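Text of the file my_file.cif, holding mmCIF, C-alpha atoms and all ligand atoms:
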data_protein
#
loop_
_atom_site.label_atom_id
_atom_site.label_comp_id
_atom_site.auth_asym_id
_atom_site.auth_seq_id
_atom_site.Cartn_x
_atom_site.Cartn_y
_atom_site.Cartn_z
CA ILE L 1 0.00 0.00 0.00
CA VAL L 2 1.46 3.42 -0.99
CA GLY L 3 0.61 6.44 1.21
CA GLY L 4 -1.12 4.41 3.90
CA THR L 5 -0.61 3.87 7.65
CA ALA L 6 -0.22 0.87 9.98
CA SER L 7 -3.47 -0.93 10.80
CA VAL L 8 -4.40 -1.71 14.44
CA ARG L 9 -4.81 -5.41 15.43
CA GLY L 10 -8.40 -6.60 14.68
CA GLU L 11 -9.18 -3.63 12.42
CA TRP L 12 -9.61 -5.75 9.21
CA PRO L 13 -10.49 -9.21 10.61
CA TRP L 14 -11.57 -10.59 7.18
CA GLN L 15 -8.05 -9.85 5.74
CA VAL L 16 -5.82 -12.91 5.18
CA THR L 17 -2.26 -13.39 3.92
CA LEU L 18 -1.97 -16.23 1.38
CA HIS L 19 1.49 -17.81 1.36
CA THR L 20 3.03 -20.23 -1.09
CA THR L 21 5.72 -22.73 0.18
CA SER L 22 7.26 -23.10 -3.38
CA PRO L 23 10.24 -22.69 -3.79
CA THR L 24 10.44 -21.21 -0.22
CA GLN L 25 7.61 -19.87 1.97
CA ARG L 26 6.57 -16.28 1.19
CA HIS L 27 3.48 -14.01 1.05
CA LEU L 28 1.82 -14.42 -2.36
CA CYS L 29 -1.42 -12.38 -2.20
CA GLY L 30 -4.05 -10.92 0.09
CA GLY L 31 -7.55 -12.42 0.43
CA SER L 32 -10.81 -12.00 2.34
CA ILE L 33 -12.76 -14.40 4.57
CA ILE L 34 -16.33 -14.54 3.17
CA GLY L 35 -17.54 -17.80 4.80
CA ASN L 36 -16.29 -20.31 7.35
CA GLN L 37 -14.46 -22.40 4.67
CA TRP L 38 -14.11 -19.69 1.97
CA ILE L 39 -11.53 -17.07 0.96
CA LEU L 40 -12.25 -14.69 -1.90
CA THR L 41 -9.12 -13.50 -3.80
CA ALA L 42 -7.82 -12.71 -7.35
CA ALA L 43 -7.42 -15.38 -10.04
CA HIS L 44 -4.03 -13.94 -11.27
CA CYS L 45 -2.45 -14.97 -7.87
CA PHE L 46 -2.42 -18.60 -9.08
CA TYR L 47 -0.27 -18.15 -12.21
CA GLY L 48 1.92 -21.28 -12.34
CA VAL L 49 0.38 -22.72 -9.07
CA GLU L 50 -0.08 -26.38 -10.08
CA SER L 51 -1.57 -27.60 -6.78
CA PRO L 52 -3.41 -26.17 -3.70
CA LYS L 53 -0.94 -28.29 -1.55
CA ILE L 54 1.67 -25.49 -1.66
CA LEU L 55 -0.77 -22.88 -0.22
CA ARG L 56 -1.22 -21.69 3.37
CA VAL L 57 -3.90 -19.24 4.48
CA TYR L 58 -3.07 -17.20 7.64
CA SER L 59 -5.92 -15.34 9.37
CA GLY L 60 -5.83 -13.03 12.42
CA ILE L 61 -2.42 -11.67 11.37
CA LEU L 62 -1.34 -8.08 11.88
CA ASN L 63 2.44 -8.58 11.38
CA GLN L 64 4.09 -11.01 8.94
CA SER L 65 6.72 -11.67 11.74
CA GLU L 66 3.88 -13.51 13.67
CA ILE L 67 4.32 -16.30 11.08
CA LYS L 68 6.87 -19.02 11.99
CA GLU L 69 6.96 -22.80 11.33
CA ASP L 70 4.81 -23.38 14.49
CA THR L 71 2.09 -20.79 13.48
CA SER L 72 -1.31 -22.36 12.72
CA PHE L 73 -2.74 -21.90 9.20
CA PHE L 74 -5.57 -23.17 6.97
CA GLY L 75 -4.77 -25.62 4.20
CA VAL L 76 -6.49 -25.18 0.82
CA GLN L 77 -8.64 -28.07 -0.47
CA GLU L 78 -9.55 -26.43 -3.79
CA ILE L 79 -8.74 -23.37 -5.94
CA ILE L 80 -11.82 -22.26 -7.94
CA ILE L 81 -10.91 -19.80 -10.70
CA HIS L 82 -13.67 -18.09 -12.74
CA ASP L 83 -13.81 -20.06 -16.03
CA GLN L 84 -13.90 -16.86 -18.16
CA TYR L 85 -10.61 -15.66 -16.59
CA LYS L 86 -7.71 -15.15 -19.03
CA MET L 87 -5.69 -12.30 -17.36
CA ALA L 88 -6.22 -9.51 -14.79
CA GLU L 89 -6.43 -6.74 -17.44
CA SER L 90 -9.34 -8.54 -19.20
CA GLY L 91 -11.47 -9.05 -16.07
CA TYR L 92 -13.07 -12.09 -14.39
CA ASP L 93 -10.10 -11.74 -11.94
CA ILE L 94 -11.74 -13.69 -9.12
CA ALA L 95 -11.07 -16.94 -7.35
CA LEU L 96 -12.34 -18.85 -4.32
CA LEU L 97 -10.20 -20.94 -1.98
CA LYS L 98 -12.12 -23.73 -0.27
CA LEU L 99 -10.33 -24.37 3.05
CA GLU L 100 -9.57 -27.89 4.44
CA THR L 101 -10.90 -26.88 7.89
CA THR L 102 -13.46 -24.39 9.22
CA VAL L 103 -12.47 -20.87 10.42
CA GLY L 104 -13.62 -20.29 14.02
CA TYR L 105 -14.99 -16.73 14.11
CA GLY L 106 -13.97 -14.29 16.84
CA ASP L 107 -12.67 -10.76 17.44
CA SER L 108 -9.44 -11.58 15.43
CA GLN L 109 -11.02 -13.27 12.37
CA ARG L 110 -14.49 -13.02 10.91
CA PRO L 111 -16.14 -12.64 7.47
CA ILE L 112 -16.91 -9.48 5.55
CA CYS L 113 -20.43 -9.13 3.98
CA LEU L 114 -20.68 -9.37 0.24
CA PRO L 115 -22.50 -6.43 -1.48
CA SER L 116 -26.27 -6.67 -2.05
CA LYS L 117 -27.61 -6.69 -5.68
CA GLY L 118 -30.00 -3.91 -4.54
CA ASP L 119 -26.96 -1.87 -3.39
CA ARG L 120 -25.54 -1.74 -6.99
CA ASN L 121 -26.92 1.88 -7.03
CA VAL L 122 -25.53 2.96 -3.57
CA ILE L 123 -22.65 5.50 -3.49
CA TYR L 124 -19.81 4.31 -1.24
CA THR L 125 -17.76 7.19 0.27
CA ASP L 126 -15.81 5.35 2.99
CA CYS L 127 -13.60 2.82 1.07
CA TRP L 128 -10.30 1.41 2.24
CA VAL L 129 -7.59 -0.74 0.60
CA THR L 130 -5.42 -2.96 2.82
CA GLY L 131 -2.43 -5.23 2.47
CA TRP L 132 1.23 -6.05 3.17
CA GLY L 133 2.32 -4.85 -0.30
CA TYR L 134 5.13 -2.46 -1.27
CA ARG L 135 5.01 1.18 -0.10
CA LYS L 136 6.80 2.33 -3.30
CA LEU L 137 7.56 0.85 -6.74
CA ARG L 138 10.88 -0.79 -5.69
CA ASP L 139 10.34 -2.10 -2.16
CA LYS L 140 9.59 -5.27 -0.21
CA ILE L 141 6.56 -6.88 1.48
CA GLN L 142 5.73 -4.91 4.66
CA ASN L 143 5.70 -6.46 8.12
CA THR L 144 2.63 -4.51 9.36
CA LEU L 145 -0.73 -4.62 7.53
CA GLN L 146 -1.24 -1.16 5.93
CA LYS L 147 -4.47 0.73 5.15
CA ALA L 148 -5.37 3.69 2.90
CA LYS L 149 -8.69 5.43 2.34
CA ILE L 150 -9.27 5.88 -1.42
CA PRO L 151 -12.28 7.32 -3.31
CA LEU L 152 -14.16 5.30 -5.94
CA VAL L 153 -13.92 6.61 -9.51
CA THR L 154 -16.70 6.18 -12.13
CA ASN L 155 -16.17 3.64 -14.96
CA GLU L 156 -16.27 6.63 -17.44
CA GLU L 157 -13.49 8.46 -15.58
CA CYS L 158 -11.46 5.23 -15.18
CA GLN L 159 -11.73 4.51 -18.94
CA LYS L 160 -10.24 8.01 -19.75
CA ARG L 161 -7.27 7.07 -17.50
CA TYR L 162 -6.72 3.74 -19.30
CA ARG L 163 -6.63 4.49 -23.04
CA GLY L 164 -6.00 1.25 -24.93
CA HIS L 165 -7.64 -0.92 -22.23
CA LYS L 166 -11.26 -1.84 -21.92
CA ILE L 167 -12.53 -0.93 -18.42
CA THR L 168 -15.69 -3.11 -18.09
CA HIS L 169 -18.62 -2.74 -15.68
CA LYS L 170 -17.27 -5.92 -13.93
CA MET L 171 -14.30 -3.69 -12.88
CA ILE L 172 -14.30 -0.81 -10.38
CA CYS L 173 -11.57 1.82 -10.01
CA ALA L 174 -10.36 3.81 -7.04
CA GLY L 175 -7.73 6.49 -6.62
CA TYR L 176 -7.03 10.24 -6.33
CA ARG L 177 -6.58 12.26 -9.55
CA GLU L 178 -3.23 13.49 -8.13
CA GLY L 179 -2.15 9.95 -7.10
CA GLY L 180 -0.39 9.36 -3.76
CA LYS L 181 -2.54 6.55 -2.22
CA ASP L 182 -3.07 3.14 -3.87
CA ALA L 183 -2.51 -0.58 -3.68
CA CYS L 184 0.95 -1.73 -4.83
CA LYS L 185 2.91 -5.01 -5.48
CA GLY L 186 1.82 -7.75 -3.02
CA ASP L 187 -1.59 -6.19 -2.26
CA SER L 188 -3.41 -8.06 -5.07
CA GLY L 189 -6.24 -10.37 -4.07
CA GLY L 190 -6.89 -8.32 -0.93
CA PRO L 191 -10.11 -6.39 -0.22
CA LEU L 192 -11.41 -2.94 -1.15
CA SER L 193 -13.72 -2.68 1.92
CA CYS L 194 -16.44 0.04 2.07
CA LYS L 195 -18.46 1.02 5.18
CA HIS L 196 -22.16 1.77 4.49
CA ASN L 197 -24.91 2.06 7.20
CA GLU L 198 -22.31 0.95 9.86
CA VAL L 199 -21.66 -2.38 7.96
CA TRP L 200 -18.47 -3.22 5.97
CA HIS L 201 -18.97 -4.63 2.46
CA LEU L 202 -16.43 -6.30 0.16
CA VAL L 203 -16.78 -3.95 -2.83
CA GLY L 204 -13.61 -4.84 -4.71
CA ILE L 205 -10.72 -7.25 -5.04
CA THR L 206 -7.30 -5.63 -5.71
CA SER L 207 -6.47 -6.58 -9.30
CA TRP L 208 -4.19 -4.40 -11.47
CA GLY L 209 -3.10 -0.87 -12.43
CA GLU L 210 -0.41 1.06 -14.32
CA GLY L 211 2.33 1.45 -11.68
CA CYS L 212 1.38 2.40 -8.06
CA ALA L 213 -0.27 5.64 -6.87
CA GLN L 214 0.63 7.54 -10.06
CA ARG L 215 -1.34 10.67 -11.02
CA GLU L 216 -4.38 9.84 -13.23
CA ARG L 217 -3.78 6.04 -12.89
CA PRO L 218 -6.33 4.67 -10.38
CA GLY L 219 -6.10 1.08 -9.09
CA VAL L 220 -8.44 -1.35 -10.92
CA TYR L 221 -10.43 -3.83 -8.84
CA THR L 222 -12.76 -6.76 -9.54
CA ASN L 223 -16.32 -5.31 -9.00
CA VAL L 224 -17.56 -7.90 -6.44
CA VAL L 225 -21.31 -7.00 -6.73
CA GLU L 226 -21.21 -8.30 -10.39
CA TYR L 227 -20.03 -11.73 -9.10
CA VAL L 228 -22.40 -12.35 -6.13
CA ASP L 229 -24.35 -15.00 -8.15
CA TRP L 230 -21.07 -16.67 -9.24
CA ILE L 231 -19.85 -16.78 -5.59
CA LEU L 232 -23.19 -18.29 -4.41
CA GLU L 233 -23.09 -20.84 -7.28
CA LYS L 234 -19.67 -22.03 -6.09
CA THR L 235 -20.21 -21.79 -2.29
CA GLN L 236 -23.92 -22.94 -2.07
CA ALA L 237 -23.63 -25.90 -4.52
CA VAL L 238 -26.01 -28.81 -3.61
CA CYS K 11 -25.00 -9.90 6.11
CA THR K 12 -28.03 -9.84 3.70
CA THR K 13 -26.05 -12.17 1.31
CA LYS K 14 -25.81 -15.49 3.22
CA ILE K 15 -22.83 -17.90 2.80
CA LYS K 16 -23.75 -21.48 3.89
CA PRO K 17 -21.58 -23.05 6.67
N1 LIG L 301 -1.64 0.10 -8.35
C1 LIG L 301 -2.48 -1.10 -8.44
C2 LIG L 301 -1.80 -2.38 -7.93
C3 LIG L 301 -0.58 -2.74 -8.77
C4 LIG L 301 0.12 -4.01 -8.24
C5 LIG L 301 -0.85 -5.20 -8.17
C6 LIG L 301 -0.17 -6.44 -7.59
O1 LIG L 301 -0.02 -6.60 -6.37
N2 LIG L 301 0.18 -7.35 -8.49
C7 LIG L 301 0.65 -8.67 -8.09
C8 LIG L 301 0.57 -9.65 -9.27
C9 LIG L 301 1.08 -11.02 -8.90
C10 LIG L 301 0.42 -11.80 -7.96
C11 LIG L 301 0.95 -13.01 -7.54
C12 LIG L 301 2.15 -13.46 -8.05
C13 LIG L 301 2.82 -12.70 -8.98
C14 LIG L 301 2.29 -11.48 -9.41
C15 LIG L 301 2.04 -8.64 -7.53
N3 LIG L 301 2.42 -9.20 -6.39
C16 LIG L 301 3.79 -9.02 -6.34
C17 LIG L 301 4.58 -9.52 -5.20
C18 LIG L 301 5.85 -9.02 -4.96
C19 LIG L 301 6.65 -9.58 -3.97
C20 LIG L 301 6.18 -10.62 -3.17
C21 LIG L 301 7.13 -11.21 -2.14
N4 LIG L 301 6.68 -12.16 -1.33
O2 LIG L 301 8.32 -10.80 -2.08
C22 LIG L 301 4.89 -11.09 -3.40
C23 LIG L 301 4.10 -10.55 -4.40
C24 LIG L 301 4.20 -8.35 -7.46
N5 LIG L 301 3.08 -8.10 -8.19
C25 LIG L 301 -2.09 -4.82 -7.34
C26 LIG L 301 -2.75 -3.56 -7.91
#

How does the structure come out when it is put into structure tokens?
Ligand SMILES: NC[C@H]1CC[C@H](C(=O)N[C@@H](Cc2ccccc2)c2nc(-c3ccc(C(N)=O)cc3)c[nH]2)CC1
Amino acid sequence: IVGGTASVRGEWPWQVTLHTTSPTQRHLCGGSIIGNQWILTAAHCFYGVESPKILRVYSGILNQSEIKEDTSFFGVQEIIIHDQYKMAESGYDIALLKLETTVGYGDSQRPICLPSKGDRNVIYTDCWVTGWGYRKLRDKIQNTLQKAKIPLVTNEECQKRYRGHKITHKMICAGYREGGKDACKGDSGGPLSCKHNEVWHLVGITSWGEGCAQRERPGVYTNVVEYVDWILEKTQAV
Amino acid sequence: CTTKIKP
């Protein structure tokens, strides 16, 4: 996260750090708890991931230094990538991780609400991006989970900022015209969480952008409201 | 949450 500040423990209890153990263990992507055996994240995270056996989901983490060999984690039973997904820049950048065991909810880890189909018309003004990503273009994964408040941008305004790309209505953009605050490398897959009527909703999934926090280059996110039926299809299967 | 995820 560029231009953000340290989060407080328990501030974003749906936020997870997804690690890969191949070739060595490291943070791969962010993700969000949406159900007691489900993590919602970005499909591009899994480029070259041949098996869910190499994945570890850590919940209730503030600092990456909390993670050692003896730290508990959730194994991944299945990686479900949207079948229209080709690449982040073309959309459908959404995946579900079905966990091997159930997440016990509490003050350190709990799910975030998905948006309501009725709330596709609501105007969110309190949106935050979180993650352990870089704080500048050439950096390293941060120890402490960072946060930044960023305004949503209309699809029309985002399209002007991305000449040569097709910004679809299944994408949502966020950023300041002057730049300065944005997601950066290692934040992908994490949430764009918006507070409306005292409830937090998972509005976006960090997906792609041209650089980090540049002027007139907002971050592009998967527009979660457009995938609520896809999520329910995958999570509520008979 | 209005949108319910089955346990
Ligand atoms: N302004 C918008 C912003 C631009 C960066 C983008 C991002 O975050 N894009 C990912 C795409 C990717 C995901 C998984 C594997 C490989 C690539 C990324 N993560 C890293 C990254 C870098 C070091 C480490 C590490 N453990 O040292 C982990 C991940 C670099 N890029 C989010 C949106």

Around all the atoms of ligand LIG 301 (chain L) listed in the file, with 8 Å of room on each side, what axis-aligned box do you get, giving centre and edge lengths in Å to one decimal, as JSON?
{"center_x": 2.8, "center_y": -6.7, "center_z": -5.4, "size_x": 27.1, "size_y": 29.6, "size_z": 24.1}

> If you count all atoms listed in the file, which residues fall within 8 Å of residue 15 of chain K, apart from same-chain ones fewer than 2 positions away, as a list in words?
Replying inline: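 Close residues of residue 15 of chain K: residues 34, 35, 232, 235 and 236 of chain L; 13 and 17 of chain K.
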
> Which residues come within 10 Å of residue 11 of chain K, counting all atoms listed in the file, excluding same-chain residues fewer than 2 positions away, as a PyMOL selection string?
Replying inline: (chain L and resi 111-116+199-201) or (chain K and resi 13-15)

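For the set L:205, L:213, L:33, L:61, the residue with the smallest atom-to-atom gap to chain K is L:33, counting all atoms listed in the file.
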
>> Could you list the protein, DNA and RNA residues that have any atom within 8 Å of ligand LIG 301 (chain L), counting all atoms listed in the file, and write them as a PyMOL selection string?
In response: chain L and resi 26-29+44-47+133-134+140-141+182-189+206-214+217-221

Residue subset to file, keeping C-alpha atoms, as an mmCIF file, in the frame of the given file:
data_model
loop_
_atom_site.group_PDB
_atom_site.id
_atom_site.type_symbol
_atom_site.label_atom_id
_atom_site.label_comp_id
_atom_site.auth_asym_id
_atom_site.auth_seq_id
_atom_site.Cartn_x
_atom_site.Cartn_y
_atom_site.Cartn_z
ATOM 1 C CA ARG L 26 6.570 -16.280 1.190
ATOM 2 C CA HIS L 27 3.480 -14.010 1.050
ATOM 3 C CA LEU L 28 1.820 -14.420 -2.360
ATOM 4 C CA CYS L 29 -1.420 -12.380 -2.200
ATOM 5 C CA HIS L 44 -4.030 -13.940 -11.270
ATOM 6 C CA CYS L 45 -2.450 -14.970 -7.870
ATOM 7 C CA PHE L 46 -2.420 -18.600 -9.080
ATOM 8 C CA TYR L 47 -0.270 -18.150 -12.210
ATOM 9 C CA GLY L 133 2.320 -4.850 -0.300
ATOM 10 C CA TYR L 134 5.130 -2.460 -1.270
ATOM 11 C CA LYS L 140 9.590 -5.270 -0.210
ATOM 12 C CA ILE L 141 6.560 -6.880 1.480
ATOM 13 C CA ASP L 182 -3.070 3.140 -3.870
ATOM 14 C CA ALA L 183 -2.510 -0.580 -3.680
ATOM 15 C CA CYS L 184 0.950 -1.730 -4.830
ATOM 16 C CA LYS L 185 2.910 -5.010 -5.480
ATOM 17 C CA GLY L 186 1.820 -7.750 -3.020
ATOM 18 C CA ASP L 187 -1.590 -6.190 -2.260
ATOM 19 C CA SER L 188 -3.410 -8.060 -5.070
ATOM 20 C CA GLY L 189 -6.240 -10.370 -4.070
ATOM 21 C CA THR L 206 -7.300 -5.630 -5.710
ATOM 22 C CA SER L 207 -6.470 -6.580 -9.300
ATOM 23 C CA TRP L 208 -4.190 -4.400 -11.470
ATOM 24 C CA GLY L 209 -3.100 -0.870 -12.430
ATOM 25 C CA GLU L 210 -0.410 1.060 -14.320
ATOM 26 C CA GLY L 211 2.330 1.450 -11.680
ATOM 27 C CA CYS L 212 1.380 2.400 -8.060
ATOM 28 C CA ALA L 213 -0.270 5.640 -6.870
ATOM 29 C CA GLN L 214 0.630 7.540 -10.060
ATOM 30 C CA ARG L 217 -3.780 6.040 -12.890
ATOM 31 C CA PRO L 218 -6.330 4.670 -10.380
ATOM 32 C CA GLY L 219 -6.100 1.080 -9.090
ATOM 33 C CA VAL L 220 -8.440 -1.350 -10.920
ATOM 34 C CA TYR L 221 -10.430 -3.830 -8.840
#

>> Restricting the calculation to only C-alpha atoms: of L:76, L:153, L:231, L:96, which residue gets closest to residue 16 of chain K?
In response: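 Closest to residue 16 of chain K, using only C-alpha atoms: L:231.
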